[PDB]
Novice: 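I have a structure I would like to understand better, so I am pasting it below and will then ask my questions one at a time.
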Amino acid sequence: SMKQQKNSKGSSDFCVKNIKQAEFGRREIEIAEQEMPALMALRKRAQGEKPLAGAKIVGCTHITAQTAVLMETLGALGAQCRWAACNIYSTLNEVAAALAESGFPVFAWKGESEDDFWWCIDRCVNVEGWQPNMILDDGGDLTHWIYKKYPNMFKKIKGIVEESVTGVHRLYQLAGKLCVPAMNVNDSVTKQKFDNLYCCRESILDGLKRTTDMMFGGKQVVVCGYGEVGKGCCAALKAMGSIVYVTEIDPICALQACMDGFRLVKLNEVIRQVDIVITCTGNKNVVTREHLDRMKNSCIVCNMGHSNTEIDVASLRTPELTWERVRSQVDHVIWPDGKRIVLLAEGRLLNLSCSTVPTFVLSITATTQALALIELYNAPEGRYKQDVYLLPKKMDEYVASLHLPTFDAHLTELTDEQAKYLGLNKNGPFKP
Amino acid sequence: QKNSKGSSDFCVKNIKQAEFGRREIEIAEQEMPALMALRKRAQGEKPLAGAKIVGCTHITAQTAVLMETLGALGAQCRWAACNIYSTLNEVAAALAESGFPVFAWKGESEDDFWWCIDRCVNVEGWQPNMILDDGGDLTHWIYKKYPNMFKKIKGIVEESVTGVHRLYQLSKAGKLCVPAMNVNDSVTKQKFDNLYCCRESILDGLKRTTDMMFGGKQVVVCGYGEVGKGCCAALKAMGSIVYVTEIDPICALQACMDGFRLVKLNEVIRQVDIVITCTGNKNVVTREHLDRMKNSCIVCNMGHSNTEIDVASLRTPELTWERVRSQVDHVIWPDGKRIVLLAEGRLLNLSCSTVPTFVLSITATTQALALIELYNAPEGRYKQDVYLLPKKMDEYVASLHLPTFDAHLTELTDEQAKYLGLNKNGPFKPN
Amino acid sequence: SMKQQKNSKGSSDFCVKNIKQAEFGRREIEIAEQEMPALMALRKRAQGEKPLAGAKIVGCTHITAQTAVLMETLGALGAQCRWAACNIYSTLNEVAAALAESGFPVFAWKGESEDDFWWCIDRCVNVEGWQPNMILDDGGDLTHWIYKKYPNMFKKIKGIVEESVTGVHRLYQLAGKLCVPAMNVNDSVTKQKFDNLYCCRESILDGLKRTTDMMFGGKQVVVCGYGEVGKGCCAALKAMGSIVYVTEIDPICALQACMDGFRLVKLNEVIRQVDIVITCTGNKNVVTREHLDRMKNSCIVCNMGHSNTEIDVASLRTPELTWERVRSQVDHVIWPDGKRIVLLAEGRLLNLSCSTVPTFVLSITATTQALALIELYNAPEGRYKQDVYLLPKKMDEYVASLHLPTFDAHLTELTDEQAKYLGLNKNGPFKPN
Amino acid sequence: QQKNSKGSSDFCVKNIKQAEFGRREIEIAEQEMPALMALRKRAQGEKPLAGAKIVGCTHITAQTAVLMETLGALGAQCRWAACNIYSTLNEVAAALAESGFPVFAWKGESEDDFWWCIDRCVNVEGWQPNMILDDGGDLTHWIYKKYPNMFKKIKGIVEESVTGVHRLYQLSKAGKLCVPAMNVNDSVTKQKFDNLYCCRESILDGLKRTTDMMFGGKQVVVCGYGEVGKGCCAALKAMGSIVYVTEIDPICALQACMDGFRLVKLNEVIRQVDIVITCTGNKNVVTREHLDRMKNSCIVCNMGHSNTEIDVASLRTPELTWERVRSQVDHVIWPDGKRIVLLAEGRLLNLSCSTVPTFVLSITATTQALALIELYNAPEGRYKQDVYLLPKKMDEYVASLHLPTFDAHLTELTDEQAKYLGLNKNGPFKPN
Ligand SMILES: NC(=O)c1ccc[n+]([C@@H]2O[C@H](COP(=O)([O-])OP(=O)(O)OC[C@H]3O[C@@H](n4cnc5c(N)ncnc54)[C@H](O)[C@@H]3O)[C@@H](O)[C@H]2O)c1
Ligand SMILES: NC(=O)c1ccc[n+]([C@@H]2O[C@H](COP(=O)([O-])OP(=O)(O)OC[C@H]3O[C@@H](n4cnc5c(N)ncnc54)[C@H](O)[C@@H]3O)[C@@H](O)[C@H]2O)c1
Ligand SMILES: NC(=O)c1ccc[n+]([C@@H]2O[C@H](COP(=O)([O-])OP(=O)(O)OC[C@H]3O[C@@H](n4cnc5c(N)ncnc54)[C@H](O)[C@@H]3O)[C@@H](O)[C@H]2O)c1
Ligand SMILES: NC(=O)c1ccc[n+]([C@@H]2O[C@H](COP(=O)([O-])OP(=O)(O)OC[C@H]3O[C@@H](n4cnc5c(N)ncnc54)[C@H](O)[C@@H]3O)[C@@H](O)[C@H]2O)c1
């Protein structure tokens, strides 16, 4: 029983697979620290003034070496933390073990069941003689749990920092029922650059290579949707020598596709000739059963947008069709006449299963979360209110500024005359 | 000084030019199918029937297509030039011949300018109820000289940054008692004006002024907003090596992520072949920078005014200026070192490149739709302030231009529309 | 022993790890067939006429599913084949078994010793009642083995087809020793496009992702050498937002790097600031111990050129440095003060250990090899004498032509007057070799 | 005029008073031709062309002036004529005349003037040439025909033109080439500029000049995917055009595919394209029938050869109406009102509507100077009586001398590396 474990200090206030993995886990955390200089720089700069002294943070995020560097940064700034996984598969057990040995109440392991998942959140949140005043959440599951099961604890929370798209939607559904301030770091300016364009551009190629070993040259590709995600996928494939067609419902984005040098088509016009279909819409039923029926043999289908509904994968579970798992995250769906399509990640986000977020990008996110937590926790009366807010612009600039040394970038400082000219402070914020 | 037909109610150099100008218009019609499509879609239903529009814009074949689009939709119009030199006489003639009270010619004098404006406005038994202006000078004239008529105006559409500024200064004072629609902040218009145009114009302006080859040039672009982004991308695509300066760390981080060294100007000033300012700021390139530049360095401005580069600092008496080609000065130091200054530090594209007709169509169409939007507005909707073009109108501008590219827009199903929380006919995004 | 196995027909004329893997192998081969339509079209078009009837082919290549499709094409055109692996680690055991079960004498398994290697080559080549006519070799080891050990068999070989840079160099010695015609398919025109530029362009990003999970944006990269390989690496990294510096010894290539938008530097000018170093020179000691000492902490170093000597990896085996293997093909080399460098694939070619050749590219090579074998074997006497020849241009065009349907590309035909105007046959060749 | 300052009249130019203005243009050209200036400085007062007596027949531009003065600085004695009756810059010719160069050239020579100028250049009392530099083969022809004894004592001929080189080969096969010639038309550096770098720029520049177009979203078909086609496609693609490619050679067709273009037959796209560009070296690629099928306002131009890639002659018919609307731009109008925009009458667009950068002219002039040095100073037996290619090492030196323009720094092989590669440290580094 994994529940019967103690760390070297005699505590058992945690639940991890194997506490003896701690030393291996601490080595992986040390590695992440060396790859995240900007988070280490924020830590060192900010720790002396202990701006999270009295912070009692409950977190639900991915339990990786990089998340540990964030957690221990929060600790260095004076916080007390409890933590659970936001996903049943993503936990690095050795990291969970290292955190438990160092004294973090963490309730997390790889391969949790649904019941384990909620059990861990409750153990994270409901503990004798300690109540949270801050939430850090990736998905809103932990937030909702406190909401439904501990309404009076929920009312006392000073701040919710939320990282996910769906988590942010749920906070917006809260109908006058949101009674504490929330900070939407999903739409922070520096984050968005990375999360949308830069990451998807790389991860479309990485995931396609991982799943198919394909060559990109001369592939006919259709990308549905031309927002930032679509733009990024289009640019990546075009740079690798693919021929890319674009679909859109918004004429303004459509015109941009045209100006960017792509043919703008209805899916039907190209469905029968394409080698690759990629959904980037945030919409449902973009690729229908009939589209799938019209696809040529060996056409590859994937989703880079949301959920698993952009492609109607459910429509492929009819008795007539045969599925074969040929590789991790890769199914051949086969028709009676032998025609085959290649479906990736069962139509879930390709990058989540088949690529890895660079540590640098995890640093951008972690840094943003840390500053949002500091901001909500230390905020004066009246500033924030029963509503969803954005990170102050100066803090967003600070995230960028902390990461600039990675590139040996040299920022120019405005002179006094230029600052007056533009109506700005020398220290920012530079844009409204 | 007299047309076909009955009318002397116009004024232009020479009305025998009607046939030459009319061919010109007919070509511009072919190069502006979005405006022609707007007539096809809208002229039956006559959305501008009862609009009496006075216009003050550049008198070109492209502008003619717009004016006759306003006609086709119902409007009655009179027009003057917004600039004393820019008129195409032949086009003026041809609009006259078909019966536009047009008051404009090339090489006007200052008084003739206001004379022409006054002839648009005043005017027998015809009181204007709409203004389309590029400059704000027709609007100002009407404001000051005909205050009671001004209060009667249903709508003002102004194209210039400066005209818009003046409209916001009226509103601020409480004196804008008619609605204005700002046509410059629309998503479509900004894209062309800020990125797409600049991408092309920096390259065209540099070729025109210098005959340069781009490959292997060392370039520094000051500022990485939309305009700098565009110039960096264009030059990089032509094989130039581009360095970037910024004061905003978020923009600086983008420049890095896009593949550029992010530097202070002093780090590269002595080695670059080309310096381009895209900042909106003053004294970005100082006298000291100019002194430190190597022989034959090219300096130009893609930002604002003529002050990003401190050109005034180069007018000291020991420096020698030689005009070597239109818009190109060599500024020579006592020791014989030369820099090459383009367009006297003014916007290079304004004097060394040409706006494509397609982009003139985006502008013209936005202006037509704005006029239609104000004129047919319910009494509630617009009153005594500056409004932005509604998003649906910007979507239509874009939609009207898609046939240039053979682009095929997809339509949402009812299920998808409901899923996204949107109307099938848009608007598809906020703002 | 491994050596004590029979196929379902009682033959033990092969040596394979495990014959019961045959059925799984056969399914891998069938997958490869579907992904190599151009080789299957060549097969189907050329089969009936049996252009390789009487051909007795000894091959030494990578034993993958794709190679199987080539081998069975050769069989389908009438050849008799025996096969061995050209590398001790690359054999896919299940494919070797599928082959052995279909009746190919194949001598190959993953993880052979050096003695095993030469033993397999000997078994492939030296067998009572069957002399080879033709050699297909990737590296020259099989060719060398026959030359040295069976010099009378060698004199009787109708044709050598060689695939590899080092194999071709070896053939060129010749020296007066090459008494049979060889065809160099390493330098075929269609092949080269894919082997040099198109492969490296993809490989570099894939291999770096595989080994480091890096992002490319804002990485300062120095690429040594600006031939096709370096060119391909530069374009790929540039397109992903890296800042790329190039080194060259050839001023004509240097000038092209400049025109392509890259700063051209000496390595020491950027060695202290770069995040990634890539060697693409075909030269040795391009990155020396002293360069590695100068590198900043966490700099990534890899080779996309030849062998393992472009970076002087041997210089890092000094007792004050420690190595930690941190992932497959990833070592951290750590200095007394704690500075580290990240070395990939021990300075061997990154793409070979950390990427995969797309099957389409394996198709181009296989089709090329097949046609070279056909040409040599059916050649009039004495079109080919005692030298190294290139694949006929028309065959090279045919390789390209067979693969165009993958892209739905529609080739234009010269009219009769255009053919006359240009001085070209309607069916080519369109350009000289 | 008639005499220079020193009272010589051994020249023939329009007006000797133009010297000062010409000198100024030469000075500007010097600043844009550092490679030639560096050859001058490297001499260190030695005279590597001391005994050379060079007759030259080239375009009389400011760039040519710098070459001629470089040959003089190296110790050559030079006489010169124009290779073309229209191209002479009179001010430059005057400046050369003032400096003591016997130049016989002016703008608007008649055909009789042209040959007289050549005769004045090569036939002078008490001075025979021993070297020829020629762009066209006409000076060479004159000497061969009129002064056959002088011809036989020529030490070397350097020839710049395709046609001049063709003529030298005719003489050679006839057994009549009794002196060494060097073909500097074909060097690897020159090839790359003429075929790829210059065309990449000139197509875009030529299209802007003629039509004021925007490139974004244009549908373009490029016929031919050799070096010129490759360059045109990459330039238009980089500006956001959608580009289709035609080819007869499957190897080139496959490259187009792999580079991210659709590979089509012209007929598949002739009705939809906005721009047609011919880059084939072939005849009747764009036929009368293609022209009839083009959509209204389609722009048509040639980047290949001659004026026959497009069948322009088929449009010179009473049925069709031609209208010159701008320099090098015709609207060709059909009875039904459909219009085509023909550029440069289907001649080479770049030659009428663009400028060769001075850098490219420097590559050419530097090549010529080095070929002259090499031929003049070669030891007995190196160059027999035949056509030779520019040696590789000298092509490398040309390139190398131009690298400082880019602040580019060349690496040098160690002894151990040179040995490993089987190369001399100083080159040549590649075969040919
Ligand atoms: N894979 C990832 O890691 C990742 C990262 C960030 C965002 N996303 C998701 O990707 C989706 C798109 O993100 P974005 O930032 O590009 O959003 P966005 O709204 O800017 O763009 C989506 C585009 O799709 C278009 N669209 C909607 N329905 C369509 C249809 N049926 N056919 C064609 N086009 C249609 C819209 O007009 C819009 O332009 C969102 O759901 C977002 O959450 C994924
Ligand atoms: N040439 C044209 O036709 C054209 C077209 C549109 C806009 N503009 C003008 O171009 C300028 C830039 O426009 P934009 O849309 O890119 O604006 P914006 O988003 O860029 O603001 C300009 C950028 O320059 C940066 N900057 C300010 N001062 C700087 C300094 N001293 N050094 C380095 N960077 C500095 C700012 O941080 C900002 O990122 C504005 O003046 C705008 O009106 C010109
Ligand atoms: N990674 C792969 O799968 C792969 C594929 C094909 C070829 N290759 C190999 O890559 C190497 C390069 O191939 P290529 O086709 O580009 O060859 P190439 O000979 O055309 O290019 C190599 C370049 O390196 C330059 N060079 C030599 N020494 C140098 C040095 N010390 N510093 C800087 N530059 C130097 C040369 O001038 C040359 O231009 C060869 O060994 C080739 O066999 C590798
Ligand atoms: N505009 C210029 O300044 C300039 C510069 C250099 C060369 N050129 C000329 O451009 C032409 C092409 O030069 P290159 O260097 O690209 O030569 P190239 O031989 O490499 O390429 C021409 C290509 O056209 C293809 N082709 C031939 N006929 C065709 C047809 N009917 N349809 C489609 N494709 C066809 C050939 O397969 C070949 O690949 C030549 O005439 C050359 O002399 C012009």
Side-chain angles (χ1 to χ4, degrees), chain A residues 165 192 195-196 199-200 203 224-232 247-250 252-254 267 280-286 303-307 349-352, chain B residues 410 412-413 416 420 428-429, chain C residues 165 192 195-196 199-200 203 224-232 247-250 253 267 280-283 285-286 303-307 310 349-352 412 414-415 418 422 430-431, chain D residues 162 191 194-195 198-199 202 223-231 246-249 251-253 266 278-282 284-285 302-306 309 348-351 411 413-414 417 421 429-430:
Chain A
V165 168
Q192 285 231 113
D195 286 1
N196 301 327
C199 289
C200 289
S203 69
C224 311
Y226 205 69
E228 289 294 296
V229 170
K231 282 197 220 308
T247 78
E248 254 296 350
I249 60 131
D250 175 350
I252 297 178
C253 301
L267 190 49
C280 303
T281 62
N283 212 339
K284 65 181 197 174
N285 297 323
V286 182
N303 180 27
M304 284 289 291
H306 87 307
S307 195
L349 270 56
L350 174 71
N351 55 301
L352 292 190
Chain B
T410 295
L412 294 164
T413 70
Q416 285 170 340
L420 285 179
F428 306 109
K429 318 236 193 311
Chain C
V165 178
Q192 282 270 335
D195 299 352
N196 298 345
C199 281
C200 293
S203 292
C224 312
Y226 202 66
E228 291 296 292
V229 171
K231 279 177 188 59
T247 79
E248 257 292 351
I249 62 96
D250 182 337
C253 302
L267 191 55
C280 306
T281 69
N283 199 353
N285 293 323
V286 179
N303 176 30
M304 286 291 288
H306 86 309
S307 187
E310 307 218 8
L349 273 54
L350 177 66
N351 55 303
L352 297 186
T412 299
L414 288 165
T415 64
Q418 291 173 338
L422 289 186
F430 302 115
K431 299 176 181 52
Chain D
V162 172
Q191 282 175 354
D194 200 61
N195 290 335
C198 292
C199 288
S202 72
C223 311
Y225 204 71
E227 216 64 15
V228 173
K230 281 181 180 69
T246 78
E247 256 292 350
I248 64 97
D249 175 345
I251 299 176
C252 295
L266 191 47
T278 53
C279 304
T280 67
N282 202 351
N284 204 25
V285 173
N302 181 25
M303 290 289 293
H305 87 308
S306 188
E309 309 218 3
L348 272 53
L349 183 64
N350 56 301
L351 278 284
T411 299
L413 289 168
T414 65
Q417 289 173 332
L421 292 176
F429 304 118
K430 316 261 187 310

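Start at 1 and go down the list; that is how both ligands and their atoms are numbered. Convention: sequence-line order gives letters A, B, ...; per-chain numbering from 1.
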Novice: Please work out, at 4.0 Å between heavy atoms, whether the side chain, the backbone, both, or neither of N283(C) comes within that distance of ligand 3.
Specialist: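 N283(C) to ligand 3: side-chain contact only, backbone stays beyond 4.0 Å.
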
Novice: Under 4.0 Å from a heavy atom of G226(D): which atoms of ligand 4 are those, numbered in the order shown and with their elements?
Specialist: 16 (O), 20 (O), 21 (O), 23 (C), 39 (O)

Novice: For atom 42 (C) of ligand 3, grab the closest protein heavy atom and report residue, atom and distance to one decimal in Å.
Specialist: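 For this ligand atom, the closest protein heavy atom is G305(C) O, 4.4 Å.
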
Novice: Should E228(A) be counted as touching ligand 1, given the test is an N or O pair under 3.5 Å?
Specialist: yes

Novice: For atom 16 (O) of ligand 4, which of the options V228(D), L349(D), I251(D) provides the nearest non-hydrogen atom?
Specialist: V228(D)

Novice: Output the list of atoms in ligand 4 that are nearer than 4.0 Å to some heavy atom of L348(D), sorted by atom number.
Specialist: 1 (N), 2 (C)

Novice: Identify, by atom number and element, the atoms of ligand 4 in contact range of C252(D), meaning under 4.0 Å from any of its heavy atoms.
Specialist: 39 (O)

Novice: Can you figure out which of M304(A), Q416(B), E248(A) has its heavy atom closest to atom 25 (C) of ligand 1?
Specialist: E248(A)

Novice: Determine whether the side chain, the backbone, both or neither of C280(C) has a heavy atom under 4.0 Å from any heavy atom of ligand 3.
Specialist: backbone

Novice: By number and element, which atoms of ligand 4 are closer than 4.0 Å to a non-hydrogen atom of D194(D)?
Specialist: 5 (C), 6 (C)

Novice: Under 3.5 Å, is there a donor on one side chain and an acceptor on the other for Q191(D) and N195(D)?
Specialist: no

Novice: With respect to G230(A), determine whether any N or O atom, backbone or side chain, lies less than 3.5 Å from an N or O atom of ligand 1.
Specialist: no

Novice: Heavy-atom contacts with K431(C) under 4.0 Å: which atoms of ligand 4 show up? List them by number with element.
Specialist: 36 (C), 37 (O), 38 (C), 39 (O)

